[PDB]
Amino acid sequence: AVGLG
Amino acid sequence: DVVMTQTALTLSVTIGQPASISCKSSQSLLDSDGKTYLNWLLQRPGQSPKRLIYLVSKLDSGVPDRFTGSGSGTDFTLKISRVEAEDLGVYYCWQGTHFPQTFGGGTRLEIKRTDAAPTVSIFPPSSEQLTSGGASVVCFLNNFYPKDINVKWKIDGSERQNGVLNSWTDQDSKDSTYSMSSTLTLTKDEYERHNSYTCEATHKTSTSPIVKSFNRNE
Amino acid sequence: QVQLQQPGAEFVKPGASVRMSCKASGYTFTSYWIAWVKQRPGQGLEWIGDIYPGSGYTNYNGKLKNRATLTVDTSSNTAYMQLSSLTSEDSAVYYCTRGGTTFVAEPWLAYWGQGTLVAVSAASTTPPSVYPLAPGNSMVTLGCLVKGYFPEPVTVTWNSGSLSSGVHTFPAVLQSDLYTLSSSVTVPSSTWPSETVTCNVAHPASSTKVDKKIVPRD
């Protein structure tokens, strides 16, 4: 998911 | 990137009746953590987009129960049980599962009504504009339905596209029609070399275009 | 409450750069991504890039070709977007929107700014020229064409607001660095020209007001 590390 | 296809570019709806729109993705939106990051947004005329649904089916704070999101994998749908006036606008799906994030093209909800032909009015350049060195010919196409329409400009029988400025209104609050303004701007030099000026209105309400014309020699 | 505040408009010349701001409030600024979304006048939404205010980590859309630069100022809770070498294809509305955190993606797009209109033009502040549209049936259609001004907005009323039914004011269109709009009004032939019809045009940016009485043409 975008923005997750 | 992930292509999001919104089906029904425009959906004509009726107040109190259901509506359904779909969003298809070129890849599965299921993330490795088990969740599916599919959001639906509504952009009302003149407003910022607003989120209605995240996580394919989860309603945002304050969003009425009439909205329902559903789907899995690549195929998703937004449904309204009974449409209200506050639901009209453009709906966008969005994905945050795959980088980069992508938006769908959008589905517009508009009010369905009976067909209405455009009222066409043409206007030669005003004398005030001619003293300034410009020459604009204006064609109004008012209170037609549905919204799709095409305007052709002819100068002494030949079509002109060069120098045409078009503008369209939002769906009318009261009678649900659409209106269009088309402006053909020339230089005074060019304008005084020709005689006949015509705007032609092509609309589904007729098989022959509506033709409004004037001769400069009059 | 969570709010993102954006300037209303920015005016920029071709080849120059613009800098837009998004002032955040109501939450921990450094914990949520900030994304920038572009919307051309009649088009859909496009992701331009995002920034994580905690570190200043940035992501960009490839289609800008390293012209966009995103920054944050943690001391003022403000996110910035800068765009270089602007052409007319960068004329659009740019929205601030708040993403998720580095741990949860669910809040993505939950809050939006009101958007900043960016108009690319070589023009400086220019007042409008107002041209009457008089006819070259039971109803008659009149209009007034508003050309050659910069920047937006101009407002149009008829008979100082007393005439509001049957009025179509079309959205302004930028072309060759200057804006053009028109407005039509339809009144009964019995009432014009025996009763006057005047369009009132106000252009706050140039501190200008124009009244144009529509008199029959000859």
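What counts and what doesn't
Residues numbered from 1 in each chain as written, not as in the entry; some residues may be left out. Chains lettered and ligands numbered in written order. Heavy atoms only, no water. Residues with missing side-chain atoms left out of burial classes, pairs and counts. Helix = DSSP H or I, 4+ residues; strand = E, 2+ residues; numbered from the N terminus. Rg over C-alpha atoms; globule rule 2.2 N^0.38 Å. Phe/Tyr/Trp six-rings, centres within 6.5 Å; stacked < 30°, edge-to-face > 60°. Buried < 20%, exposed > 50% of the residue type's maximum accessible area, 1.4 Å probe, protein only. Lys NZ or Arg CZ within 6 Å of the ring centre and 35° of its normal. Core = buried A, V, L, I, M, F, W, Y, C linked by side-chain atoms within 4.5 Å. Contact = heavy atoms within 4.5 Å. Pairing = 2+ DSSP bridges. Axes fitted to C-alpha atoms, helices over the stretch in contact; angles between N-to-C directions. Domains from an automatic or database assignment. Buried area = accessible area lost by both parts, 1.4 Å probe. Salt bridge = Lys/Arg side-chain N within 4 Å of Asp/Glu carboxyl O. Polar contact = N/O pair within 3.5 Å; in protein donor to acceptor, adjacent residues only side chain to side chain. Nonpolar A, V, L, I, M, F, W, Y, C, P; charged D, E, K, R; others polar.

As deposited, the entry is annotated with X-ray crystallography as its determination method and 2.3590 Å as its resolution.

The helix and strand tally for chain C stands at zero helices and 19 strands. Since a compact globule built from 218 residues should have a radius of gyration of about 17 Å, the 22 Å found for chain C marks it as more spread out than a globular shape.

Another point: the packing of aromatic side chains. Here the structure, examined in full by the defined rule, presents 15 aromatic pairs over all chains. Both rings, one in B:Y145 and one in B:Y178, keep their centres 6.3 Å apart while their planes meet at 25°; by these two values the pair is stacked. Separated by 33 residues along the polypeptide, B:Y145 in the loop between β13 (134–144) and β14 (150–155) and B:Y178 in strand β17 (residues 178–187) bring together distant segments of the chain. Of the two residues, B:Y145 and B:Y178, neither departs from the other in class, the shared state being buried. For the ring pair B:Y191 and B:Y197, a centre distance of 5.0 Å and an interplane angle of 35° mean the geometry is tilted. As far as the burial class goes, B:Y191 and B:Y197 line up, both buried. Here the aromatic cluster, defined as three or more aromatic residues joined through ring pairs, consists of C:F11, C:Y149, C:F150 and C:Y179. Its guanidinium or amino end placed over the ring of B:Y178, B:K147 lies 5.2 Å from that ring's centre, counting from NZ or CZ. For C:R98, the ring lying beneath its charged end belongs to C:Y27, and the centroid distance is 4.7 Å.

So, on to the nonpolar core. Residues C:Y27, C:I34, C:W36 and C:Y94 are the most contacted members of the largest nonpolar core, which totals 26 residues. The element that contributes the greatest number of residues to this core is strand β3 (residues 18–25) of chain C, accounting for four residues.

With an omega of -10°, the peptide bond running from B:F99 to B:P100 counts as cis. By secondary structure assignment, the location of B:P100 is in the loop between β9 (89–95) and β10 (102–103). In this model, C:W192 is joined to C:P193 through a cis peptide bond whose omega is 10°. Along the chain, C:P193 falls in the loop between β17 (178–188) and β18 (198–203). For B:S176, which is not a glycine, the phi torsion comes out positive at approximately 75°. Topologically, B:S176 is positioned in the loop between β16 (164–168) and β17.

This part is about the environment of C:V37. By the element assignment, C:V37 lies in strand β4 (residues 34–39). Here the alpha-carbon distance between C:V37 and C:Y95, two residues 58 residues apart in the chain, equals 5.1 Å. Leave out the neighbours within four places in its chain, and C:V37 touches B:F103, C:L45, C:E46, C:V93, C:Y94, C:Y95, C:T97 and C:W112.

What follows concerns the sheet that holds β18(C). All names here are of chain C. Overall, antiparallel pairing links the three strands, which are arranged β14-β18-β19 in an open sheet. Both outer strands of the open sheet, β14 (155–158) and β19 (208–213), are each paired with one neighbouring strand and no more. Between one strand axis and the next, the sheet turns through 15° on average, direction left out of account. Where β14 lies against β18, four bridges are found, and the strand directions are antiparallel. Opposite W158, over in β18, you have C199 as the bridge partner.

The next point concerns the domain arrangement of chain B. Put simply, an interface is often sized by how much accessible area is lost when its parts join up. Residues and elements named next belong to chain B. When its domains are assigned, chain B resolves into domain 1 (4–111) and domain 2 (119–215). A straight line from the C-alpha centre of domain 1 to that of domain 2 covers 37 Å. With five residues of domain 1 at the contact, the number on the domain 2 side is six residues. At the boundary of domain 1 with domain 2, total buried surface from both sides reaches about 390 Å², with 40% on carbon and sulfur atoms. On the surface where domain 1 and domain 2 come into contact, there are zero salt bridges. Linking domain 1 with domain 2 are five residue pairs in polar contact. Considering each element in turn, the side of domain 1 that touches domain 2 owes the most residues, three residues, to strand β11 (residues 107–111). When the residues that make up the side of domain 1 that touches domain 2 are grouped by side-chain class, the tally is two nonpolar, one polar and two charged.

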